[PDB]
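**Q** here are the coordinates; sequence isn't available:
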Ligand code: NI
Ligand code: NI
Ligand code: NI
Ligand code: NI
Ligand code: NI
Ligand code: NI
């Protein structure tokens, strides 16, 4: 009617906004970056360029939750925050949720122990909120077998399940095959390029304070940056084994290339494994949906916001991004936030 | 209780007692005076470090639990130079000491307890100081703020209404309406603010109304007519409202000489801007005022430090300004009766002597709002290189002298304007305006600026990168700079009167609003490490400066530290 | 800068650094550790003295101006024993240092500024300590309050509903209704109050409701059935509500032995009353508990100190009570299995060792609510006379030991019940509950009791006389004891829960109401100068006490100080 | 040409490098900013060309400037220069460690420590314990971790390490390669000795009694070395 | 490389200068923007080199462009080019006065006044007064300052200048070097002749009676020339 505006879409492809669920709120400049890349929703944790944040995606305590929620008013991007699950104190655990958090995040640097893990999960069950986790690399508390026993079969969002981004050395990647797990891969090791192995060793060394002359230091580096489990990843995605593609911004992740890399990987796997068995007809439709879901409807469900966003469906918030077929997966035409051009 | 070497220890927790740090590329060497930690229990955040569940981080915190801990930071403050953890809660510095988890570590006050609600900030290897406070700002352009900010300054006090001539000439926001505009404009920025009103009026009613309107004080300035009448009237009303008064002396000596101006002040408190003279003021003996008891001497950025180029530079600014000509003698006279190279060089030394107390900028009007801190340290560097260490110095360091200069742009400006209780030094109970300095870049380029207990600005790299370190690495706005967060993190200062009249609700001000207090009972003796009084004369003929009989002067310099080494421009 | 002798100086301002005072008629000698004043500028009030207009008293005070200054007082506190002025503002101790008029005197923080609004209280020659805190009170009769008060105690924590058997036997105010009665009754008195609820219940719901109702904690008592069930349940709910729990051990060992009770406590925090045994508890090795980490050992008034009469006396109380007979053997057995003269004498020494931490009373039920302080010092006197000075003692004084005992009835009971932040020691920021002691009468009869920053009780003479000194001179209620003033000066403590539920408005409580906090993260290691832990055994046969292998015991006494010398009865 | 904000970031960096070089050209001792930008701008182009691999540029960047090209102090300053560029295989993080050398005196913020050794954990008498990693995966324990509850793989006398932690500098750790066997030092935990969390083996006051409970628990949980169940007498709460 | 916002400002200016030059290279009449940027970019580098002093660059900047290099109008436009750069002694303000010359017609916004003289202070008949500065410091009085109350140093017939001001163009002033002696013109103050402020010598209606009070006041305050106290008869308010 006379009240409706017109937007030409012929020749263009429309998809839902992307949803990055492994964000480190290190710097607010990330937002307009992730945005320009087709992402309309960022879920993570932090308080800015503070070491705790650089290491983990956590916004600790209700006060720091306040700061961030009030800060969020300023940006153009749906937001959600995760709280410090690294606590065996039930009271402190629920208060952060009552304070505004959409879930918890257990992280190594804060001590991902079977205690913390167990406690967090219980409170998470009460408040019907999600829990993300970064496995105990050093295996100090136990091995991936133990961490699972800790999870006791409850739901979990596993970040960078592969291992490079962190986690039980060296068999953490196995978790991504269990029923109760929500496997997610971290941006960096995707896709597997001739440079990814060299690159990482550097990040892991520039970080953690590792030396070339110290053997214990070279050991940890090799017990974490397995080129084997890295390459095994690209294929796991193709198999439907992995489900979500994150970024891990400003901390071994590139918040501006989640979408771009999700498609690069899909391209590789086709070039190396060919079309898919499930594929029907002379196209890649099925495989296409496989990857799309990885950064739209799957992250949306994993964090209880699937009803409002996460896919181009009637009744949902209108977070749509128009893609010009040639630039698809890299540079989008325009980002419409909440039904209006942003 | 196995032991470890000092070299090692320091690469994990930073310098400890008795160790020394060189400040930037200067010759100023600081020494850690004390350490509150407990060797073996120090706090560390990381992969397998100490700050984790059940360990350093308590599972049974105290009901005072911190929101943020800056671990192993070296605190440089007029109160001392030492090692200790800084605890932050509710926008305020909640504690300075050990801190960690009492459940697993000895000696940890509950105001320093670390729980699941506290965030971690690594400070080992870094130096923490309070935010700087520039009190001679011309609100000429809002772009100054992010500049002063990037330089370690969290508080700007001054006057104006933007690029208007009145403002370019004076630091004044005239009348309650223009006070309104500015207070409401301030909501937008990341920097505590305070405004000065037009003291150039012999109308008591107009004088108090500007305070009732929100001003933290008055400013008497030449261009508006700094007369003994205006001066006298302003001061009286200033006494009633316990608010501060700044002044720019009558250069042209039209109403009288510096002797008269003083008689006008009648011994009451006063903040003298650019007391030296170049920035303006009684020709040519205004600099003498900075030796009286009731005076709060402050120097203006430009003529500091005294470099081989400062004399030439100024003559230009003074000429490009005022409309002076080379062919007109009266014009060359005024220029020479104001830009005395003698009183300029005498300055650098006066600071070193504790004679001068505050270092301003005088932004966009013979001042560089981005180099107050940098220049305060350059000067300190020179004076050491020319006069050596200090007599008061104790031990093989420059600690004392260090505090001398720090105070010049932190605790001293804070007191001079009644906001010492909330800000102006790294002390428990005060607003948490802290800036982390990386020893090499000290005094020039800081690591990050925390406003009101939360990170507001920090060096940031490629927002797309896998870490915050890769280039480009410039100063990026942090979270306390956006949304409604800015409001919680910033403060606009006002007088008790306005505060009491509800000036906050009055103007829909969403910012934390505090009032200034204790401005009328302070003297030169309230200026930390800069309380030196003295009967100083000034030769009318040679423009030479004499103090307590003798004469003081500094030698210009061909090179200064904290300069070309750190900036591409 | 003329100088004066020490004898003189001390008769004007009181003892200064290095000087020593004898405490009452005891052998305990205290030494002034430091002095914040500035010889020549000390404060004095009087006819032609220093505290007058324009002089010590400012005509330009700071906007923090004090409401009251206690001049030249000797502060005896676990934080130290020193000389200094005490500043009081808004019911709180606002400052501890020089103070006076910055306008005419060097070094005077603005939190100590004296203006026309500040009152003067002379303290030279007197000793100032915090109010005492009795945490084992039986609210048997309201007449106890003015008694405990007259003795230097400003805070009573306990339970009950008046002269009812349940109360006479236990310190418990059961159920929210009876909690209401008592909170509303408390409005009437001059003494901070806190109540404990019936922990003798294995019903979680009933357990928390009493806290939600206003209780600062629970009390498990024998007469109500101190079982491992009740004990376990109570503790859990206590952990949730961050409130404290006191306990009276199962003497009859019916449920189990002290080993079991501990297993019940499961390592959680606990305030053990009369840990010795005479006041009640596991027969006969309950006293061993006072050596564990998670325990907050407290001794009950009666068996302190150990006098040649204490053994005979007790047997009588225990017999007059419980309904015991001399002809019945089971009756003589219980008497001997509870009133062990061995564990009694072992007590006095345990206190001296830092093993025990708190000194209670146990009023109207095997305790004397008016002699807690007096007896705490008597004991200290004995132990010195029998064991001599202390190893930790530094210098030719008893300072350390002094603080050891003081802490026993001030800062230690305060912490044990989460009210350490507001009261419990002479420190800045805390409620001003101070009691002035005249060195001779120290520990027995105090000069005046200031409640909440205002004088509530003091020695007073003939109300008709021309001065306050003439006889009769007994303790008369002062102004902070009457009208609506009492309300501003007193505090009734409650739990966070109740406080948050609006328990104050709930019950029409006109008293300042604060909540207790940090009760679940404290251990024996939080007890000032009484943090000694140890594995102590107790012979089942000889009832002999052994610690860390060796054995401890004290010798009874035929005479004690602070007794017949000061009272007509 | 839909330029991302990231792209603009780099385009600016590049001309900061270009300036940097143009200045060196004219023969002028570069500074901190100039040296870094230069090294950054360089690597950026090389990745564009698609020739040099990530691994190679890490080094080649160390040859862009010689000690006499920069100002004194610059060396001691540029510890390293991280930078991201788009290779034919996508963006990768190149870290050029210590690009130039310290051919001079001046060293900004340099430290003047005082040869002597800090004595850690004063008066906490350590104890040695035989430890072996019977598992097939690595296991590294932190400095303040209740030792008694580490990976159930590390075999040793649990009983002896109750309420203790690795007597080492705060924040560090000890590594145990599968198969490896070593003896570690471990002092007692300070503070209130309130052990909560970890493996949930204690969660209360650490005393001799809690110990009984801890061992019993570890026992049933399979923690190697966790003594044995010589008939446990369960308390009213555990 | 913690780049300040100031640094970015300059880095942008520089490439505005670089463009400016590159264009002149190709031989193209620069314009207002181009000329200025160019001059600015130049001075900037020179300060970087640490050779030329501030004072020298002030001039050298006047030789960066010749009248035939720019477009007509540019000269009459660039009155001057202020710029700040970091010298080895820190940043300093370099003002390059009139960098190029007017080798042409066109002059933007040029003025076409009309030879004739504006007659100031119409009908306010002036009066001359002997004035001498007996003090050892300079003294300059403004055009609208109640003359009667200037520095107590200037000696002259105060009585004669009551309610008057220097009959000169609004905004200007008259200077008096220590020792100097001159005769100044001064008309009467207009408006309501309500004198408030200054030295507080009047603060009321300027009339013959207020005058009495003014002189009496100045007298006691030591203002040279302030007639004398031939026995004053104090009013009910003054
Ligand atoms: Ni991670
Ligand atoms: Ni991450
Ligand atoms: Ni000025
Ligand atoms: Ni100014
Ligand atoms: Ni009892
Ligand atoms: Ni009792």
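**A** Here it is on my side, so go on. Residues are numbered from 1 along each chain as shown, chains lettered A, B, ... in the order given. Ligands and ions are numbered 1, 2, ... in the order given.

**Q** surely residue A:102 is in contact with residue A:79?
**A** No. Taking contact to mean CB atoms under 8 Å, the distance of 9.3 Å between residue A:102 and residue A:79 leaves them out of contact. For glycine as for every other residue, the C-beta is placed from the backbone atoms N, C-alpha and C.

**Q** mutual contacts of these two, please.
**A** The contact sets of residue A:102 and residue A:79 overlap at residue A:43 (CB atoms under 8 Å, 6 or more residues apart in numbering or on different chains).

**Q** say whether chain D is contacted by stretch A:97-110.
**A** No. On the criterion CB under 8 Å from any CB of the partner chain, stretch A:97-110 is out of touch with chain D, staying 10.7 Å away.

**Q** buried stuff in that stretch?
**A** The neighbour-count criterion (16 or more other CB atoms under 10 Å in any protein chain shown) identifies A:97, A:99, A:101, A:102, A:103, A:104, A:105, A:106, A:107, A:108, A:109, A:110 as the buried residues of stretch A:97-110.

**Q** would a markdown table of those with secondary structure and distance to residue A:16 be doable?
**A** Written out in a markdown table, the entries for those read as follows (DSSP: H, G, I helix; E, B strand; the rest coil; distance: CB to CB, whole Å):
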| residue | secondary structure | distance to residue A:16 |
| --- | --- | --- |
| A:97 | helix | 27 |
| A:99 | coil | 29 |
| A:101 | coil | 24 |
| A:102 | coil | 19 |
| A:103 | strand | 21 |
| A:104 | strand | 26 |
| A:105 | strand | 25 |
| A:106 | strand | 29 |
| A:107 | coil | 29 |
| A:108 | helix | 32 |
| A:109 | helix | 33 |
| A:110 | helix | 33 |
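
**Q** let's have those residues in a markdown table, adding distance to residue A:251.
**A** What follows is the buried residues of stretch A:97-110, written out as a markdown table (distance: CB to CB, whole Å):
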| residue | distance to residue A:251 |
| --- | --- |
| A:97 | 24 |
| A:99 | 24 |
| A:101 | 19 |
| A:102 | 20 |
| A:103 | 19 |
| A:104 | 18 |
| A:105 | 13 |
| A:106 | 16 |
| A:107 | 11 |
| A:108 | 12 |
| A:109 | 10 |
| A:110 | 14 |
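
**Q** now for the residues you listed, which pair is the farthest apart?
**A** The most widely separated members of these, counting by CB to CB, are A:99 and A:108 (23.6 Å).

**Q** run a quick neighbour tally on the nearest residue to residue A:23 once chain neighbours are set aside.
**A** Beyond its immediate neighbours in the sequence, the residue positioned closest to residue A:23 (CB to CB, 6 or more residues apart in numbering or on different chains) is residue A:44, lying 2.9 Å away. Burial of residue A:44, expressed as a neighbour count using other CB atoms under 10 Å in any protein chain shown, amounts to 29.

**Q** surely residue A:275 is in contact with residue A:281?
**A** No. The pair residue A:275 and residue A:281 fails to qualify as a contact (CB under 8 Å) at a distance of 10.2 Å.

**Q** more neighbours: the two, which one.
**A** Remark: of residue A:275 and residue A:281, residue A:275 carries more neighbours, 12 against 7, as counted by other CB under 10 Å.

**Q** need the next SSE after the lengthiest helix in chain D, C-terminal direction.
**A** Looking only at chain D and at elements set by DSSP state H, the helix with the highest residue count is helix D:5-25. Heading C-terminal from helix D:5-25, the first helix or strand you meet, by DSSP states H and E, is helix D:32-49.

**Q** out of the buried residues of stretch A:97-110, flag the one nearest to residue A:8.
**A** Top of the list for closeness to residue A:8, among the buried residues of stretch A:97-110 and by CB to CB, is residue A:102 at 36.3 Å.

**Q** for the closest one, grab phi and psi.
**A** Per-residue torsions, residue A:102: phi -90, psi 0 (degrees, to the nearest 10).

**Q** show me the contacts for the closest residue to it other than its chain neighbours.
**A** Leaving out its chain neighbours, the residue that sits closest to residue A:102 by CB to CB, 6+ apart is residue A:80, at 4.2 Å. With contact set as CB under 8 Å, 6+ apart, residue A:80 has these partners: A:41, A:42, A:43, A:44, A:102, A:103, A:303, A:305.

**Q** tell me where chain D has strands.
**A** Along chain D, the stretches classed as strands by DSSP state E are D:80-87, D:90-97, D:111-112, D:117-119, D:128-133, D:139-142, D:154-155, D:164-166, D:173-176, D:181-188, D:194-195, D:204-205.

**Q** following the longest helix anywhere in chain A, which helix or strand shows up next?
**A** For chain A, the helix reaching the highest residue count under DSSP H is reported as helix A:258-273. Remark: after helix A:258-273, the chain's next helix or strand is helix A:285-292, criterion DSSP H and E.

**Q** roughly how far is that next one from the heart of the chain?
**A** With CA atoms, centre = their mean, to the nearest Å as the basis, helix A:285-292 stands 18 Å off its chain's centre.

**Q** contacts for the next helix-or-strand element following it?
**A** Read in the C-terminal direction, the helix or strand following helix A:285-292 is helix A:297-302, with elements assigned using DSSP H and E. By CB under 8 Å, 6+ apart, the list of residues contacting helix A:297-302 from outside reads A:16, A:19-21, A:41, A:43, A:130, A:157, A:182, A:184, A:243-244, A:246, A:306, A:309-311.

**Q** which residues of chain D lie near chain A?
**A** D:2, D:4-6, D:53-55, D:58, D:80, D:82, D:87, D:89-95, D:135, D:137-142, D:145, D:149-153, D:173, D:175, D:177, D:196-200, D:203.

**Q** beta partners for residue A:323?
**A** With DSSP bridges applied, residue A:323 shows beta-bridge pairing to residue A:13.

**Q** for the contacts of residue A:80, which one is nearest ligand 3?
**A** Closest to ligand 3 out of the contacts of residue A:80 is residue A:42 (48.0 Å), distances taken as CB to the ion.

**Q** related to what we said a few turns ago, now the longest helix of chain D, how far from the chain's geometric center?
**A** Using CA atoms, centre = their mean, we find the averaged C-alpha position of helix D:5-25 to lie 32 Å away from the chain's own average C-alpha position.

**Q** next one: stretch A:87-95
**A** Taking CA atoms, centre = their mean, one finds stretch A:87-95 lying 24 Å from the centre of the chain it belongs to.
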